[PDB]
J.: 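Quick one: the structure is below, questions incoming.
Quick note on labels: first sequence line is chain A, next is B, and so on, each numbered from 1. Excluded from the calculations below are hydrogen atoms, water molecules and symmetry mates; all remaining heavy atoms, backbone and side chain alike, are included.
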Amino acid sequence: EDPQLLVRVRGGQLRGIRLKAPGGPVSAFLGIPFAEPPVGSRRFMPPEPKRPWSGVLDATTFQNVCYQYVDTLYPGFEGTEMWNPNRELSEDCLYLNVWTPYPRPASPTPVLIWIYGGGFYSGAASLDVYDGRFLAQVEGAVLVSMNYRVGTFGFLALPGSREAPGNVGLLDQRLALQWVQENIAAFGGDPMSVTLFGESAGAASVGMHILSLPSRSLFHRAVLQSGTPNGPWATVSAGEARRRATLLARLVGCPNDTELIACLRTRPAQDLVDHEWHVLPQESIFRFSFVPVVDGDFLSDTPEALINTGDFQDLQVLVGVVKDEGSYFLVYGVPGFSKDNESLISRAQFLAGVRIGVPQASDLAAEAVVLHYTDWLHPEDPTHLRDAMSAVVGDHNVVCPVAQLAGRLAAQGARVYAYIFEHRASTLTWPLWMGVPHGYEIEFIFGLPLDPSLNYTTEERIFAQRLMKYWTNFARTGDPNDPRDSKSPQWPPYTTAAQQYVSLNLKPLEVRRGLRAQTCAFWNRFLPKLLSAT
Amino acid sequence: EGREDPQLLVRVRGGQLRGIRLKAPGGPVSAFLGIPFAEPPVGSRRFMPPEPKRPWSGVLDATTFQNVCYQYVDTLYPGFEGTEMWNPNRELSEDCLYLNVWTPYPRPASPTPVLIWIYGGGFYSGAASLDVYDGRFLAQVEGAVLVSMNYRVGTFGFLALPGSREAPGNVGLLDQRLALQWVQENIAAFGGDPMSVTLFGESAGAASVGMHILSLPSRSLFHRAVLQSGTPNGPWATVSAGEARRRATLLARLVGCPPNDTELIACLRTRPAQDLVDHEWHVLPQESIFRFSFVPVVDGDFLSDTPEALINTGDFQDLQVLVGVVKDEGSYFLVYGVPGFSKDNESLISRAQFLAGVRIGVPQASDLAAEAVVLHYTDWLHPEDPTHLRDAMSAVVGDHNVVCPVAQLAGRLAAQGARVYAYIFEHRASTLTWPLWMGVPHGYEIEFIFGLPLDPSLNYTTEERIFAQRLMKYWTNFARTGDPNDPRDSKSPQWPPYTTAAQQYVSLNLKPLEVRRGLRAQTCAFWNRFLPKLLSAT
Ligand SMILES: *[C@@H]1O[C@H](CO[C@@H]2O[C@@H](C)[C@@H](O)[C@@H](O)[C@@H]2O)[C@@H](O)[C@H](O)[C@H]1NC(C)=O
Ligand SMILES: *[C@@H]1O[C@H](CO)[C@@H](O)[C@H](O)[C@H]1NC(C)=O
Ligand SMILES: *[C@@H]1O[C@H](CO)[C@@H](O)[C@H](O)[C@H]1NC(C)=O
Ligand SMILES: C[N+](C)(C)CCO
Ligand SMILES: C[N+](C)(C)CCO
Ligand SMILES: C[N+](C)(C)CCO
Ligand SMILES: C[N+](C)(C)CCO
């Protein structure tokens, strides 16, 4: 028995495991229950706190992955399967993971809490890319990650109902956050210094905690990587949530809210997943059936309204995007696009693609999109058209929503830093045309290139170390710059006047101005004017 | 005769003429100025198609410019050459249908290609007698035969009650056409070749040239065309029959001829010319710039359909066309209507003034269309920078009215069989009196093409002299062959034709030709493809 691996939390005693990081050992406490299993009658319901336990709870292995759809696009392909569940699926999945330095820190240490993405329909804290041992060992950080319910189980909502109120997957995250407040000191973490970070739906989740009052007392700083609470995919109205839940119920043979939800609770988990993609209103990409709902409770208003009127004075935020946000999604439903060729497309394929990539757009709005993104010097060039299609999907869904949030957060008193991540992993298995896709910064921030067995370059390992420092410096201070270090160049705050952000690549930081400023004016200013008028 | 210069006596269909020997820097030229080509369109003839000049007895003196057609005279900037170089330089009269011919001296012995100039001035102003349209340099240096005609402007040339007998519309274009017919019949008398006739014009003159291209009866009267900063398509060069009728009827009311068309037109004919000019600007539907009250009308006769329809469906197989724009097409127009703009300061404007400016500069835009314009031309890194806003306002007016219509025209003509050459003119005259912020404004290429810098008394630089000579060669090579390039020379860089595929045009400045691609390709897609679609849906 190693006393560094024994911790008493409020629920009782835990035993962790000593894991090996390249530079030395870390302590890992994996699969710690933070809620009562949301099973049987508790399906679709808010999470309840985990009842205390007797003896020593074995916290040496990852727990089950929340029940979810498993990708089948490219069977056997690492680029897709690296995001697939790596443990058994179960509705009994409300567990979290803590990595700390070995030995346990002597003084209270800044805490980073990771919230995974996956379109609110997928993901797990147990994926290899979310491995916290490197940040723990190298930067001395306490890293936490939780599982939260996804798909119907996390976000199926009959708004106004007692039994399926919506947003329960977000309440799972919140409960994990409350757990950190109550318990992280036992591991040597500082509950007065908690930084949330997440990517994609995880970043939208971070944003929603920023916009929901009861969450704000549970953290101090936030990082949103390639995702925002505002924008076209991260939320639905109560009406649209009801529509989708009612339709799924119909599809599984479930005929008053209470009756409807009681019958949904009788169905095997896979029966629900079998139909979750049949409820979207359009043929589309970058759209997910069961996501956070504007309920007037967790979200008191739309994210748009809340970011416009919010006060964010005592908040620091780091936000950014990858170089090619849209490319990943094109292979999931835009004809002409494949990982197996260069995906050089015709103009016809581009116009059709725009309707799928911007599915809520009217005919006129779609025409505006096509005319904006066409290079009128090379209107039928397939390379241009392929890269424009990617651009449309990335800008609409990530870059411009990020630019919008960044600007409103800064105008309303927040301290904001922004980045574009432009380094394409040497080990990437997707084709070159996809560039730096959605999600492929994460492995560097977590510091996987520091593991020699994974075959990243020396340059990539130095780069990872740099990024780990920006992120942990941000966690410690609310400022990603290295404070003992002179010689930078310094990463300046993002402001509405100057609009400064930095490139994160193998070269030293370069400061740029305006995140797609002209094109984002189109998405964020013009298209809405077109909508309210048509 | 007996005692005079035998080299200045010429007979035309109407009778005998005596010209004048003029001095150009390199030698003498022959000038025949103020040759009448129509019966004076006065009295009962006001608003009516021109009638050919009846023959005269004896020798008509053709040694001085004749009357300028009755028109509005600019008084925005008294004493200022920038404005006054465009003002009438001879008596204003309705008796104004006279043309001018310059030729080498002695006259050419073999048939020489003819250039015919059509002046601009928004269809409300202009004269062939202005110093910047002086044909002597082209005549002397290039051996050109050059012809220019006065044509009626304003109400006199373009007031229309469409469908009526007495004010059918487009009579100023019919004046131009009568002059073209005159050249066909008579220009061989001066050594000119009626089988080689190139039209050229600027602004409204360029629009006019384009309308001769789109009207079949004109097509037999010329072979090639140059359109400088003007097009028959676009937002200002024509009006519908309905809008023409509305403006004519309002004008009539304003001058005490309240409304049957015969009666209305008969009362208009009793009015003093100056009365008509005094109310001319009161009939425009919006507060605007780059809009003119009385312009060509889509009458279903001269113009069988809209210029837009006609350029989309036309066969332009046997046409060569040279077209282009100056660097700063919009700036000139800003000081005549947009609050905040002036020749006497830097015209740094606020964002409020930009938004107001856009409504005046795109006067037919809905609220949604105008916010589309504002959002496109705003620099979102520097949305309130006065220098950017000033320059963006200029760009809006220039692109809307000239640059994008020219791109549209060049594309349609090229797609439908024409040989097209395109330019951007980027040299600012060292003698320009407009301020620096205005750049290279609308109209300030003309003095180079005509060769005024060859006159040492005009104080242009030596480099400007050489530049002028180049331009004269391009224009006259195009007149001769339908190709501005020199057959003898080579690299000396070549001017490739404009094509829809490659979109090539050249920079005209003091440096050797540089080839560029796409005339404001992205922005003109906004004007030429998106806004119309907005319009159709909205
Ligand atoms: C530039 O000028 C515009 C027009 O006003 C004229 O010039 C100014 C300086 C006055 O002295 C006035 O007498 C003239 O009529 C102004 O509208 C504009 O505000 C001026 N721009 C600036 C920034 O000074
Ligand atoms: C790969 O691209 C080709 C053409 O480049 C396209 O037709 C095809 O659908 C793509 N995917 C397949 C079917 O392998
Ligand atoms: C040109 O230059 C001379 C000598 O400086 C000057 O006196 C004359 O008035 C100028 N003329 C013009 C056309 O500006
Ligand atoms: C098609 N799915 C929605 C299942 C995958 C999203 O990328
Ligand atoms: C958001 N994920 C990283 C889970 C998928 C995109 O690569
Ligand atoms: C059109 N102008 C500006 C030249 C005169 C208006 O009064
Ligand atoms: C258009 N004009 C040339 C006639 C006036 C100055 O631009």
Side-chain angles (χ1 to χ4, degrees), chain A residues 10-11 33-36 38 42 44-50 94 96 111-116 120 144-150 153-157 159-185 189-198 201-224 227-230 234-238 241 291-317 405 408-409 412-414:
Chain A
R10 286 197 190 174
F34 70 88
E36 293 293 278
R42 301 161 182 159
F44 310 127
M45 303 212 71
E48 318 155 270
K50 172 68 181 82
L94 293 190
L96 60 73
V111 178
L112 269 165
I113 306 187
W114 177 252
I115 306 176
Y116 58 76
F120 295 109
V144 185
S145 60
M146 83 297 284
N147 280 356
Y148 63 92
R149 283 175 283 170
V150 295
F153 312 94
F155 301 95
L156 182 146
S161 76
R162 204 215 100 208
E163 305 90 350
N167 299 317
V168 306
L170 289 180
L171 290 177
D172 293 342
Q173 299 170 7
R174 180 179 285 167
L175 184 58
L177 268 37
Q178 277 156 356
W179 187 95
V180 168
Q181 289 296 296
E182 295 168 349
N183 295 297
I184 210 62
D190 192 353
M192 305 200 306
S193 179
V194 170
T195 304
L196 306 186
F197 73 137
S205 294
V206 172
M208 278 154 215
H209 295 292
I210 290 166
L211 304 168
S212 194
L213 259 176
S215 286
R216 286 290 286 284
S217 57
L218 308 175
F219 69 100
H220 315 265
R221 278 173 287 286
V223 183
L224 297 78
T228 57
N230 50 299
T235 65
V236 292
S237 70
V291 304
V293 57
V294 181
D295 55 350
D297 179 13
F298 194 102
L299 296 179
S300 58
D301 212 331
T302 66
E304 187 181 69
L306 295 182
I307 73 173
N308 287 355
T309 63
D311 187 24
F312 305 111
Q313 299 218 121
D314 296 302
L315 190 67
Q316 309 86 45
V317 182
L405 183 65
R408 297 307 301 210
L409 287 178
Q412 278 126 237

J.: Would you give the length of the straight line joining atom CG of A:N147 to atom CZ of A:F34, rounded to the nearest 0.5 angstrom?
T.: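 Taking CG in A:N147 and CZ in A:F34, the distance rounds to 7.5 Å.
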J.: To the nearest 0.5 Å, tell me how far A:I113 CD1 sits from A:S145 OG.
T.: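 OG of A:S145 is found 9.5 Å from CD1 of A:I113.
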J.: Do A:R174 and A:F298 make a side-chain contact, defined as non-hydrogen atoms from C-beta onward lying under 4.5 Å apart?
T.: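 The answer is yes, as the side chains (C-beta and beyond) meet within the 4.5 Å cut-off.
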J.: Provide the closest heavy-atom pair for A:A234 versus A:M208 in the form atom of the first, atom of the second, distance.
T.: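 A:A234 and A:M208 have their closest heavy atoms at O-CE, 3.6 Å.
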J.: Is there side-chain contact between A:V223 and A:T195, with heavy atoms separated by less than 4.5 Å?
T.: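 Sidechains of A:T195 and A:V223: in contact.
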J.: Donor-acceptor pairs under 3.5 Å, side chain of residues 160-173 of chain A to any protein atom, not counting sequence neighbours: which ones?
T.:
residue : atom : partner : partner atom : Å
A:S161  : OG   : A:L158  : O            : 2.7
A:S161  : OG   : A:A164  : N            : 3.1
A:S161  : OG   : A:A164  : O            : 3.1
A:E163  : OE2  : A:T258  : OG1          : 2.7
A:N167  : OD1  : A:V293  : N            : 2.8
A:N167  : ND2  : A:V293  : O            : 2.9
A:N167  : ND2  : A:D295  : OD2          : 3.0
A:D172  : OD1  : A:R149  : NH2          : 2.8
A:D172  : OD2  : A:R149  : N            : 3.1
A:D172  : OD2  : A:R149  : NE           : 2.8
A:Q173  : OE1  : A:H209  : NE2          : 2.8
A:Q173  : NE2  : A:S205  : OG           : 3.1

J.: Distance-only, no hydrogens or angles: does the A:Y148 side chain make a donor-acceptor pair with backbone N or O of A:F120 under 3.5 Å?
T.: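 It does not hold such a pair.
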J.: Out of A:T228, A:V294, A:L405, which one pairs with A:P303 under the side chain to side chain contact (heavy atoms under 4.5 Å, CB included) rule?
T.: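 Between A:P303 and the candidates, side chain to side chain contact (heavy atoms under 4.5 Å, CB included) is satisfied uniquely by A:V294.
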J.: Can you find a heavy atom in the side chain of A:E304 that is under 4.5 Å from one in the side chain of A:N230?
T.: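 Answer no - side chains too far apart.
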J.: Just do the side chain to side chain contact (heavy atoms under 4.5 Å, CB included) check on A:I210 and A:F219 with the steps written out, would you?
T.: CA-CA 9 Å; A:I210 290 166; A:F219 69 100; 4.0 Å; yes
J.: Is there a side-chain contact between A:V150 and A:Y116 in this structure, where contact means two heavy atoms from C-beta onward sitting under 4.5 Å apart?
T.: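 A side-chain contact exists here, since the closest heavy-atom pair is under 4.5 Å.
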J.: A side-chain contact here means heavy atoms from C-beta on lying under 4.5 Å apart; do A:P191 and A:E182 qualify?
T.: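 Contact flag for A:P191/A:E182 side chains = no.
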J.: Could you label the plane-to-plane angle of the A:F44 and A:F153 rings as parallel, tilted or perpendicular, counting under 30° as parallel and over 60° as perpendicular?
T.: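 Aromatic pair A:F44/A:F153 classed parallel.
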J.: Which donor-acceptor pairs under 3.5 Å do side chains of residues 305-313 of chain A form with protein atoms, sequence neighbours excluded?
T.:
residue : atom : partner : partner atom : Å
A:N308  : OD1  : A:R408  : NE           : 3.4
A:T309  : OG1  : A:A305  : O            : 3.1

J.: Compare every heavy atom of A:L94 with every heavy atom of A:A35, then report the nearest pair and how far apart it is.
T.: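 Taking every non-hydrogen atom into account, CB-CD1, 3.6 Å.
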J.: To the nearest 0.5 angstrom, please state how far the CZ atom of A:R42 sits from the CD atom of A:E36.
T.: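 Taking CZ in A:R42 and CD in A:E36, the distance rounds to 5.0 Å.
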J.: Taking the side chain as C-beta and beyond, is there a heavy-atom pair between A:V111 and A:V144 under 4.5 Å?
T.: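 Side chain of A:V111 against side chain of A:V144, heavy atoms only: contact under 4.5 Å found.
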J.: Inspect the surroundings of CD in A:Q412 and state if more than 12 heavy atoms from other residues, nucleotides or ligands are less than 6.0 Å away.
T.: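 Yes, the 6.0 Å shell around CD holds more than 12 heavy atoms from other groups.
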J.: Looking at A:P47 and A:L175, what are the two nearest heavy atoms and their distance?
T.: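 Shortest heavy-atom contact: CB-CD2, 3.7 Å.
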J.: Minimum heavy-atom separation for A:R221 and A:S193, please, with both atom names.
T.: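 Minimum heavy-atom contact is NH2-OG, 3.1 Å.
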J.: Can you check side chain to side chain contact (heavy atoms under 4.5 Å, CB included) on A:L218 and A:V180, steps first, answer last?
T.: CA-CA 8 Å; A:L218 308 175; A:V180 168; over 6 Å; no
J.: Looking at A:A222 and A:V206, what are the two nearest heavy atoms and their distance?
T.: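 Answer, listing the atom of A:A222 first, then A:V206: CB-CG1, 3.5 Å.
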